[PDB]
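Novice: Dropping the structure in here first, questions after.
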Amino acid sequence: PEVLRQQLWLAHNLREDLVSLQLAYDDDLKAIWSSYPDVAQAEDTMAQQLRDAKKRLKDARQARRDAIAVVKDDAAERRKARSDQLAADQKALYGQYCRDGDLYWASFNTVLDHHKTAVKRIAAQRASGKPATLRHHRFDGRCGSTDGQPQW
Amino acid sequence: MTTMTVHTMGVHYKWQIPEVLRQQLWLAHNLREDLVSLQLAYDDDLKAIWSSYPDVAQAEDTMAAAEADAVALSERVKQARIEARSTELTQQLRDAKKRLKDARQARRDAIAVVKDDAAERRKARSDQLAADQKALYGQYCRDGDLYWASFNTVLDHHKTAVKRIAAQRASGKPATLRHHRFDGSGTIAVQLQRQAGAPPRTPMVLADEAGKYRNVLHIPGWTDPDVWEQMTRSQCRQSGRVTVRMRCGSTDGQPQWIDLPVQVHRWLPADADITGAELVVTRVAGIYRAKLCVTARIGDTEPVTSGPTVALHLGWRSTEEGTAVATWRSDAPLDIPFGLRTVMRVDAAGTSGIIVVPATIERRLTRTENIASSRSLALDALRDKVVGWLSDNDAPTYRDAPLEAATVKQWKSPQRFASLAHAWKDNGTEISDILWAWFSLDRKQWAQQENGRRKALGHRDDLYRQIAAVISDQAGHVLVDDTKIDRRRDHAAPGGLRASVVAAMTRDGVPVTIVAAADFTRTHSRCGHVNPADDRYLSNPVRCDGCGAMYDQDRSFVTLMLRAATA
RNA sequence: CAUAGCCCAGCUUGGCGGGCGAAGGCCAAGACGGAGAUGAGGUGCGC
Ligand SMILES: [Mg+2]
Ligand SMILES: [Zn+2]
């Protein structure tokens with residue numbers, strides 16, 4: 001049914017918005033970290049002959065992580081504020097997708113868990129030195145509401 | 001017009017596999033497995049009938065006793081090795097081996113002498129085998145969903161395999177058929193029926209959308225190869241992206257077709273006569289690669305008359321820049337393409353050369369082996385970690401059944417771990433992350449651990465095939481010998497070079513001559529003296545008994561091959 | 001997730017541009033009979 005197709009389309013749309021919000025939140029954290037002059041200097045520094053470069057690159061990579069740890073406490077409020085900002089924006093998507101949309105709330109809840117599950121895996125994965133991330137997945141194709149009319 | 005040719009066409013990787021094709025491969029697997037089981041049953045019946053003869057019974061009892069003595073002496077030798085932690089006992093074991101071989105010869109003789117008596121029994125069993133196969137066909141086709149062409153292809157593969165195994169058992173290794181697990185990789189086929197007094201199934205007939213085979217196989221957009229060789233590679237590879245309609249099979253008594261995206265690189269000559277088309281599905285590192293093969297009949301080529309005689313010789317002696325896999329000599333100077341001059345070396349006169357394989361093949365295969373070892377160690381680490389977690393925690397149901405540490409401890413193949421991981425994608429358990437963190441990583445490695453190998457091996461094959469071409473370009477006659485250390489020989493593998501050279505010479509019509517290489521290496525070309533010692537040749541060069549000067553054994557080999565040819 | 005390999009219209013080799021389980025392909029030289037990884041015995045599927 002077209003209702004089924006539209007719900008999936010809304011489901012695909014919601015994930016992109018959540019992915020879009022995450023990277024901006026991810027970028028905001030990067031901007032928050034880059035505020036410290038020590039962090040910025042390391043990032044510029046970060047920016048047989050193979051081994052020497054690799055060693056210096058990771059040392060620069062480690063130093064940037066080292067600078068993150070020392071000033072982690074002093075930036076906790078700033079990180080939380082953007083974290084609170086992300087939650088509010090994520091809350092706003094519920095109104096647009098569910099309160100003002102025909103998407104089923106169970107579908108939103110399920111995807112929200114999946115993204116939140118995904119970021120937890122991702123966040124620790126990048127920590128030790130093993131990088132990977134969310135990227136935009138292209139759309140490929142009770143049953144919620146329909147102009148406020150529930151359909152089955 | 002007798003020669004058969006087979007042309008390959010690749011399938012698009014962004015092509016899925018329909019449900020009908022999976023059903024066909026599943027049925028083909030089941031047929032092959034029942035056939036293997038019946039083959040083993042038939043072999044067991046034959047062995048029992050052989051054993052029925054009291055002389056054969058006595059010979060078999062003697063053989064069993066000799067085998068028991070041999071294994072007992074092997075156990076004693078193993079115990080002596082363990083106690084020494086690393087000659088008379090070995091001599092006793094050798095005596096037991098000799099006795100076992102003598103008993104085996106006696107058993108073979110006993111079978112041979114009474115062979116004419118159980119011929120009726122053997123024929124009756126074979127007839128029952130044929131009847132069982134016919135019943136299988138009646139089930140799979142007359143009452144099943146298999147297409148009769150695929151059944152014929154599987155039967156032909158099976159009967160080829162049984163002859164291979166019988167030859168191996170006659171020629172040594174007591175190998176046998178082994179059941180296999182349905183990984184999802186198989187073979188399907190379609191035949192082209194041409195009754196008597198019928199027009200040739202021309203490739204142009206196939207491209208017709210209203211042809212006599214529009215319901216069986218249809219490859220639109222054929223081109224004459226004479227025009228084809230002038231089209232640029234651009235329009236060539238853009239023109240070949242075509243859509244093959246193929247009869248695939250029936251489901252609930254309804255024919256089903258598939259529409260493969262294929263990229264055709266060479267077309268068939270207009271006078272050809274197609275025979276059949278077989279679709280092969282291969283699995284490598286969890287990627288379904290497919291390939292369509294078309295077989296036809298083509299007129300032969302006139303054999304050449306002019307062209308220097310070229311002699312080839314094989315080895316596996318090493319060289320600093322790669323394995324030195326062959327040495328060739330020519331009657332007259334030869335021309336070697338510039339793109340191969342670093343693989344097919346040539347001398348000053350142009351009549352002699354060395355074929356080496358660049359060492360990059362060896363390095364890549366070594367990388368594959370090291371990735372295999374590292375994968376094994378990481379596999380063990382994951383096994384230990386999952387066992388520990390299972391011991392210390394609850395077990396969420398897998399396949400709706402509790403998981404036990406003993407069963408997990410007995411796993412050796414990655415397959416069980418993979419299925420469990422895909423089962424626990426999102427259980428939320430930490431082990432699941434531990435069970436996914438491994439998984440993804442290895443499939444990156446698994447790809448490499450396989451693909452590189454094939455890719456690397458492909459490269460080597462290419463060189464050999466290319467070499468074949470150049471010789472058939474000039475040679476009026478080609479001669480071949482009838483001939484870590486083993487690993488290097490498994491990497492270079494001159495057997496491939498011999499097979500490719502013979503195949504190319506057959507296709508091009510050049511005469512191939514198998515020289516009797518008997519008493520050649522011990523023979524020096526210049527001094528004409530044989531050398532009885534069989535250990536001096538392990539190094540190069542070797543001193544000559546009849547002349548007292550070191551010489552190239554391979555160069556003398558090719559010189560002798562040419563001399564014997566030039567008689 | 002290792003630090004260079006693998007993949008992105010048959011195959012191998014080069015070159016341009018991309019992807020790390022997903023994407024995105026383009027160009028050039030050459031060659032080409034499909035039918036061999038002991039890892040399994042599941043009685044449909046390493047998604
Ligand atoms: Mg290709
Ligand atoms: Zn001599």
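Identifiers for the structure tokens are assigned positionally: chains receive A, B, ... in sequence, residues are indexed from 1 per chain, and ligands are indexed from 1 in the order shown.
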Got a sec to pull out which chain A residues are within 10 Å of chain B, counting only C-alpha atoms, and send them as a PyMOL selection string?
Specialist: chain A and resi 114+117-118+121+125
Novice: Could you write out the selected residues, including N, CA, C and O atoms, as an mmCIF file, in the first residue's frame?
Specialist:
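That gives us out_21.cif:
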```cif
data_model
loop_
_atom_site.group_PDB
_atom_site.id
_atom_site.type_symbol
_atom_site.label_atom_id
_atom_site.label_comp_id
_atom_site.auth_asym_id
_atom_site.auth_seq_id
_atom_site.Cartn_x
_atom_site.Cartn_y
_atom_site.Cartn_z
ATOM 1 N N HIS A 114 18.105 2.562 17.000
ATOM 2 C CA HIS A 114 19.146 2.049 16.118
ATOM 3 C C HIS A 114 20.268 3.063 15.942
ATOM 4 O O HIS A 114 21.452 2.716 16.036
ATOM 5 N N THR A 117 22.018 3.329 19.214
ATOM 6 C CA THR A 117 22.872 2.151 19.304
ATOM 7 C C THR A 117 24.082 2.293 18.395
ATOM 8 O O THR A 117 25.207 1.956 18.784
ATOM 9 N N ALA A 118 23.872 2.809 17.183
ATOM 10 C CA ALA A 118 24.969 2.934 16.233
ATOM 11 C C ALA A 118 26.045 3.880 16.750
ATOM 12 O O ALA A 118 27.239 3.569 16.680
ATOM 13 N N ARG A 121 28.319 2.353 19.435
ATOM 14 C CA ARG A 121 29.354 1.532 18.822
ATOM 15 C C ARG A 121 30.402 2.401 18.148
ATOM 16 O O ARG A 121 31.604 2.178 18.316
ATOM 17 N N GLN A 125 34.449 3.020 18.950
ATOM 18 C CA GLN A 125 35.262 2.471 17.872
ATOM 19 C C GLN A 125 36.346 3.452 17.439
ATOM 20 O O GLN A 125 37.502 3.061 17.250
#
```
Novice: Write as a PDB file with N, CA, C and O atoms (P, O5', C5', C4', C3', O3' and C1' of nucleotides), in the first residue's frame the residues around ligand 1, taking 10 Å as the cut-off and counting only C-alpha atoms (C1' of nucleotides) and all ligand atoms.
Specialist:
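Output (result-v5.pdb):
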```pdb
ATOM      1  N   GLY B  10      30.998 -12.071 -18.856  1.00  0.00           N
ATOM      2  CA  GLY B  10      30.857 -11.730 -17.458  1.00  0.00           C
ATOM      3  C   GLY B  10      29.505 -11.131 -17.153  1.00  0.00           C
ATOM      4  O   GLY B  10      28.847 -10.587 -18.044  1.00  0.00           O
ATOM      5  N   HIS B  12      27.049  -8.561 -14.646  1.00  0.00           N
ATOM      6  CA  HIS B  12      27.160  -7.337 -13.870  1.00  0.00           C
ATOM      7  C   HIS B  12      27.143  -7.660 -12.383  1.00  0.00           C
ATOM      8  O   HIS B  12      26.319  -8.444 -11.909  1.00  0.00           O
ATOM      9  N   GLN B 263      28.461  -8.352 -20.210  1.00  0.00           N
ATOM     10  CA  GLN B 263      29.363  -7.525 -21.000  1.00  0.00           C
ATOM     11  C   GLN B 263      30.174  -8.437 -21.908  1.00  0.00           C
ATOM     12  O   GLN B 263      31.122  -9.086 -21.455  1.00  0.00           O
TER      13      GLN B 263
ATOM     14  P     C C   8      35.504  -5.027  -9.083  1.00  0.00           P
ATOM     15  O5'   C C   8      34.852  -3.573  -9.060  1.00  0.00           O
ATOM     16  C5'   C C   8      33.475  -3.387  -8.761  1.00  0.00           C
ATOM     17  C4'   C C   8      33.068  -1.937  -8.863  1.00  0.00           C
ATOM     18  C3'   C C   8      33.510  -1.200 -10.115  1.00  0.00           C
ATOM     19  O3'   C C   8      32.709  -1.463 -11.252  1.00  0.00           O
ATOM     20  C1'   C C   8      34.007   0.114  -8.239  1.00  0.00           C
ATOM     21  P     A C   9      33.257  -1.068 -12.708  1.00  0.00           P
ATOM     22  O5'   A C   9      32.486  -2.039 -13.704  1.00  0.00           O
ATOM     23  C5'   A C   9      32.454  -3.444 -13.482  1.00  0.00           C
ATOM     24  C4'   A C   9      32.354  -4.226 -14.768  1.00  0.00           C
ATOM     25  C3'   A C   9      33.169  -3.680 -15.932  1.00  0.00           C
ATOM     26  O3'   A C   9      33.614  -4.764 -16.737  1.00  0.00           O
ATOM     27  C1'   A C   9      30.914  -3.783 -16.549  1.00  0.00           C
ATOM     28  P     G C  10      34.990  -5.516 -16.408  1.00  0.00           P
ATOM     29  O5'   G C  10      34.690  -7.019 -16.825  1.00  0.00           O
ATOM     30  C5'   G C  10      33.526  -7.690 -16.368  1.00  0.00           C
ATOM     31  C4'   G C  10      33.647  -9.176 -16.581  1.00  0.00           C
ATOM     32  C3'   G C  10      35.023  -9.742 -16.287  1.00  0.00           C
ATOM     33  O3'   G C  10      35.188 -10.047 -14.916  1.00  0.00           O
ATOM     34  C1'   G C  10      34.305 -10.483 -18.408  1.00  0.00           C
ATOM     35  P     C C  11      36.275  -9.269 -14.026  1.00  0.00           P
ATOM     36  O5'   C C  11      37.633 -10.010 -14.388  1.00  0.00           O
ATOM     37  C5'   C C  11      37.642 -11.399 -14.682  1.00  0.00           C
ATOM     38  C4'   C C  11      38.969 -11.825 -15.248  1.00  0.00           C
ATOM     39  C3'   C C  11      40.142 -10.961 -14.842  1.00  0.00           C
ATOM     40  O3'   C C  11      40.644 -11.308 -13.570  1.00  0.00           O
ATOM     41  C1'   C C  11      40.211 -11.348 -17.170  1.00  0.00           C
ATOM     42  P     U C  12      41.256 -10.175 -12.621  1.00  0.00           P
ATOM     43  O5'   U C  12      42.693  -9.907 -13.242  1.00  0.00           O
ATOM     44  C5'   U C  12      43.669 -10.929 -13.238  1.00  0.00           C
ATOM     45  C4'   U C  12      44.842 -10.582 -14.112  1.00  0.00           C
ATOM     46  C3'   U C  12      45.467  -9.217 -13.914  1.00  0.00           C
ATOM     47  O3'   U C  12      46.286  -9.126 -12.761  1.00  0.00           O
ATOM     48  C1'   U C  12      45.272  -9.665 -16.218  1.00  0.00           C
TER      49        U C  12
END
```
Novice: Set the cut-off to 6 Å, count only C-alpha atoms (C1' of nucleotides) and all ligand atoms, and list whatever residues fall near ligand 2 as a list in words.
Specialist: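 Taking only C-alpha atoms (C1' of nucleotides) and all ligand atoms into account, the residues around ligand 2 at most 6 Å away are residues 524, 526, 527, 544, 546 and 547 of chain B.
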Novice: Can you spit out the residues from that selection as a compact mmCIF listing (two decimals), in the first residue's frame, using C-alpha atoms?
Specialist:
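New file selection-v2.txt:
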```txt
# COMPACT_ATOMS: atom_id res chain seq x y z
CA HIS B 524 75.67 -33.79 -21.62
CA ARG B 526 78.69 -31.48 -25.87
CA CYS B 527 80.53 -34.51 -24.47
CA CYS B 544 80.30 -33.58 -16.42
CA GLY B 546 82.79 -37.35 -19.63
CA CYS B 547 84.35 -33.89 -19.87
```
Novice: List the spatial neighbours of range 188-199 of chain B as a PDB file with C-alpha atoms, in the first residue's frame - criterion: any atom at most 6 Å away, only C-alpha atoms (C1' of nucleotides), same-chain residues fewer than 2 positions off excluded.
Specialist:
```pdb
ATOM      1  CA  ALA B 149      19.666 -29.768 -19.540  1.00  0.00           C
ATOM      2  CA  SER B 150      21.002 -29.030 -16.059  1.00  0.00           C
ATOM      3  CA  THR B 275      25.956 -26.129 -28.864  1.00  0.00           C
ATOM      4  CA  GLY B 276      24.950 -25.042 -25.372  1.00  0.00           C
ATOM      5  CA  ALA B 277      25.105 -22.427 -22.673  1.00  0.00           C
ATOM      6  CA  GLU B 278      26.034 -23.016 -19.065  1.00  0.00           C
ATOM      7  CA  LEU B 279      25.735 -20.463 -16.281  1.00  0.00           C
TER       8      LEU B 279
END
```
Novice: Out of range 97-338 of chain B, which residues get helix (DSSP H, G or I) from DSSP, as number ranges by chain?
Specialist: B: 97-114, 119-142, 148-170, 203-207, 225-228, 233-239, 338
Novice: What does the structure give for the distance between CA of residue 477 in chain B and CA of residue 312 in chain B, in Å to one decimal?
Specialist: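 Taking CA of residue 477 in chain B and CA of residue 312 in chain B, their separation equals 11.1 Å.
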Novice: Excluding residue 409 in chain B and residues on its chain fewer than 3 positions from it, collect all residues at most 12 Å away from it, counting only C-alpha atoms (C1' of nucleotides), and give them as a short mmCIF file (atom, residue, chain, number, x, y, z; two decimals) with C-alpha atoms, in the first residue's frame.
Specialist:
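Okay, selection_39.cif is ready:
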```
data_model
loop_
_atom_site.label_atom_id
_atom_site.label_comp_id
_atom_site.auth_asym_id
_atom_site.auth_seq_id
_atom_site.Cartn_x
_atom_site.Cartn_y
_atom_site.Cartn_z
CA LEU B 379 39.82 -16.64 15.27
CA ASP B 380 41.25 -18.42 18.30
CA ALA B 381 41.25 -15.21 20.33
CA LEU B 382 37.58 -14.65 19.57
CA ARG B 383 36.82 -18.26 20.43
CA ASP B 384 38.43 -17.84 23.84
CA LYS B 385 36.71 -14.52 24.52
CA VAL B 386 33.27 -15.82 23.60
CA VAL B 387 33.80 -18.94 25.69
CA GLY B 388 34.75 -16.82 28.68
CA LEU B 390 29.40 -17.47 27.92
CA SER B 391 30.84 -19.02 31.07
CA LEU B 403 24.26 -22.02 23.66
CA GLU B 404 26.69 -24.25 25.55
CA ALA B 405 30.37 -23.52 26.09
CA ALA B 406 31.34 -27.01 24.92
CA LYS B 412 36.89 -24.51 14.04
CA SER B 413 35.40 -23.00 10.90
CA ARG B 416 29.42 -20.82 13.09
CA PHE B 417 30.81 -17.58 14.45
#
```
Novice: Write down, as a PyMOL selection string, each residue of chain A that has any atom within 12 Å of an atom of chain C, counting only C-alpha atoms (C1' of nucleotides).
Specialist: chain A and resi 50-51+54+122+124-138
Novice: Identify, on the basis of only C-alpha atoms (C1' of nucleotides), every residue whose closest approach to residue 7 in chain C does not exceed 12 Å; exclude the query and any residue fewer than 4 positions from it along the same chain; express the result as a PDB file with N, CA and C atoms (P, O5', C5', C4', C3', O3' and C1' of nucleotides), in the first residue's frame.
Specialist:
```
ATOM      1  N   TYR B  13      28.062  -7.050 -11.642  1.00  0.00           N
ATOM      2  CA  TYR B  13      28.124  -7.300 -10.209  1.00  0.00           C
ATOM      3  C   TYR B  13      26.941  -6.713  -9.456  1.00  0.00           C
ATOM      4  N   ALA B 285      34.626 -15.015  -1.033  1.00  0.00           N
ATOM      5  CA  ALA B 285      34.586 -14.046   0.062  1.00  0.00           C
ATOM      6  C   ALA B 285      33.194 -13.451   0.238  1.00  0.00           C
ATOM      7  N   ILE B 287      30.841 -12.972  -2.007  1.00  0.00           N
ATOM      8  CA  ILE B 287      30.351 -12.194  -3.136  1.00  0.00           C
ATOM      9  C   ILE B 287      29.954 -13.171  -4.232  1.00  0.00           C
ATOM     10  N   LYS B 444      36.900  -7.984   5.786  1.00  0.00           N
ATOM     11  CA  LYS B 444      37.876  -7.216   5.023  1.00  0.00           C
ATOM     12  C   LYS B 444      39.089  -8.073   4.715  1.00  0.00           C
ATOM     13  N   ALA B 447      38.228 -11.194   2.198  1.00  0.00           N
ATOM     14  CA  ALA B 447      38.342 -10.712   0.830  1.00  0.00           C
ATOM     15  C   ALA B 447      39.786 -10.778   0.370  1.00  0.00           C
ATOM     16  N   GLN B 448      40.666 -10.029   1.038  1.00  0.00           N
ATOM     17  CA  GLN B 448      42.073 -10.076   0.667  1.00  0.00           C
ATOM     18  C   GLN B 448      42.558 -11.513   0.645  1.00  0.00           C
ATOM     19  N   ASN B 451      40.887 -12.892  -2.452  1.00  0.00           N
ATOM     20  CA  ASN B 451      40.873 -12.229  -3.751  1.00  0.00           C
ATOM     21  C   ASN B 451      42.279 -12.049  -4.279  1.00  0.00           C
ATOM     22  N   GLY B 452      43.154 -11.456  -3.466  1.00  0.00           N
ATOM     23  CA  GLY B 452      44.538 -11.312  -3.865  1.00  0.00           C
ATOM     24  C   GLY B 452      45.072 -12.580  -4.487  1.00  0.00           C
ATOM     25  N   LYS B 455      43.538 -13.115  -7.861  1.00  0.00           N
ATOM     26  CA  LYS B 455      44.099 -12.071  -8.701  1.00  0.00           C
ATOM     27  C   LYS B 455      45.537 -12.398  -9.032  1.00  0.00           C
TER      28      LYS B 455
ATOM     29  P     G C  18      38.773  11.805  -6.172  1.00  0.00           P
ATOM     30  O5'   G C  18      37.409  11.002  -6.046  1.00  0.00           O
ATOM     31  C5'   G C  18      37.155  10.196  -4.911  1.00  0.00           C
ATOM     32  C4'   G C  18      36.109   9.155  -5.203  1.00  0.00           C
ATOM     33  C3'   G C  18      35.942   8.083  -4.146  1.00  0.00           C
ATOM     34  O3'   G C  18      35.165   8.506  -3.043  1.00  0.00           O
ATOM     35  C1'   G C  18      36.117   7.056  -6.237  1.00  0.00           C
ATOM     36  P     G C  19      35.717   8.311  -1.546  1.00  0.00           P
ATOM     37  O5'   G C  19      35.058   6.944  -1.086  1.00  0.00           O
ATOM     38  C5'   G C  19      33.682   6.701  -1.314  1.00  0.00           C
ATOM     39  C4'   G C  19      33.359   5.240  -1.148  1.00  0.00           C
ATOM     40  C3'   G C  19      33.995   4.558   0.050  1.00  0.00           C
ATOM     41  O3'   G C  19      33.250   4.751   1.239  1.00  0.00           O
ATOM     42  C1'   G C  19      34.323   3.236  -1.872  1.00  0.00           C
ATOM     43  P     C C  20      33.962   4.661   2.673  1.00  0.00           P
ATOM     44  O5'   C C  20      34.388   3.130   2.822  1.00  0.00           O
ATOM     45  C5'   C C  20      33.412   2.093   2.835  1.00  0.00           C
ATOM     46  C4'   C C  20      33.994   0.752   3.220  1.00  0.00           C
ATOM     47  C3'   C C  20      34.561   0.675   4.628  1.00  0.00           C
ATOM     48  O3'   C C  20      34.328  -0.630   5.153  1.00  0.00           O
ATOM     49  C1'   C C  20      36.258   0.168   3.062  1.00  0.00           C
ATOM     50  P     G C  21      33.139  -0.871   6.206  1.00  0.00           P
ATOM     51  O5'   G C  21      32.050  -1.700   5.397  1.00  0.00           O
ATOM     52  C5'   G C  21      30.724  -1.202   5.254  1.00  0.00           C
ATOM     53  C4'   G C  21      30.031  -1.775   4.043  1.00  0.00           C
ATOM     54  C3'   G C  21      29.234  -3.045   4.296  1.00  0.00           C
ATOM     55  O3'   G C  21      28.176  -3.136   3.345  1.00  0.00           O
ATOM     56  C1'   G C  21      30.974  -3.510   2.793  1.00  0.00           C
ATOM     57  P     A C  22      26.956  -2.096   3.362  1.00  0.00           P
ATOM     58  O5'   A C  22      27.336  -1.045   2.222  1.00  0.00           O
ATOM     59  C5'   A C  22      27.344   0.352   2.483  1.00  0.00           C
ATOM     60  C4'   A C  22      28.245   1.100   1.528  1.00  0.00           C
ATOM     61  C3'   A C  22      27.798   1.141   0.075  1.00  0.00           C
ATOM     62  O3'   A C  22      26.858   2.178  -0.163  1.00  0.00           O
ATOM     63  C1'   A C  22      30.082   0.548   0.191  1.00  0.00           C
ATOM     64  P     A C  23      25.999   2.231  -1.521  1.00  0.00           P
ATOM     65  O5'   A C  23      26.979   2.928  -2.566  1.00  0.00           O
ATOM     66  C5'   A C  23      27.479   4.237  -2.330  1.00  0.00           C
ATOM     67  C4'   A C  23      28.748   4.493  -3.102  1.00  0.00           C
ATOM     68  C3'   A C  23      28.612   4.464  -4.613  1.00  0.00           C
ATOM     69  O3'   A C  23      28.198   5.712  -5.127  1.00  0.00           O
ATOM     70  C1'   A C  23      30.457   3.135  -3.953  1.00  0.00           C
ATOM     71  P     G C  24      27.289   5.777  -6.444  1.00  0.00           P
ATOM     72  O5'   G C  24      28.295   5.410  -7.618  1.00  0.00           O
ATOM     73  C5'   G C  24      27.816   5.166  -8.934  1.00  0.00           C
ATOM     74  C4'   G C  24      28.943   4.850  -9.877  1.00  0.00           C
ATOM     75  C3'   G C  24      29.859   3.717  -9.427  1.00  0.00           C
ATOM     76  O3'   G C  24      30.355   3.036 -10.577  1.00  0.00           O
ATOM     77  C1'   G C  24      31.113   5.692  -9.661  1.00  0.00           C
TER      78        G C  24
END
```
Novice: Distance cut-off 7 Å, counting only C-alpha atoms (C1' of nucleotides) - which residues of chain B neighbour chain C? Return them as a PyMOL selection string.
Specialist: chain B and resi 5-6+8-10+12+26+179-181+184+263+286+293+415+418-419+441+447-448+458-459+462+465-466
Novice: Can you tell me, as a ChimeraX atom specification, which residues in range 176-331 of chain B count as strand (DSSP E or B) by DSSP?
Specialist: /B:187-191,217-218,241-250,255-263,273-284,287-297,309-314,318-319,322-330
Novice: Contacts of residue 105 in chain A at 8 Å or less, counting only C-alpha atoms (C1' of nucleotides), minus same-chain residues fewer than 4 places along, as a ChimeraX atom specification?
Specialist: /A:98,109,144
Novice: Choose the residue, out of A:38, A:89, A:52, A:28, that has the smallest atom-to-atom separation from residue 67 in chain A; count only C-alpha atoms.
Specialist: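 Residue with the minimum atom-to-atom distance to residue 67 in chain A: A:38.
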Novice: Pick out the closest residue to residue 292 in chain B from this set: B:16, B:342, B:187, B:553. Count only C-alpha atoms.
Specialist: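 Residue with the minimum atom-to-atom distance to residue 292 in chain B: B:187.
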Novice: Fewer than 6 positions away in the same chain doesn't count, so skip those; otherwise give me all residues within 7 Å of range 333-339 of chain B, counting only C-alpha atoms (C1' of nucleotides), as a PyMOL selection string.
Specialist: chain B and resi 349-351+470
Novice: Report, in Å to a single decimal, how far apart CA of residue 301 in chain B and CA of residue 346 in chain B are.
Specialist: 29.3 Å
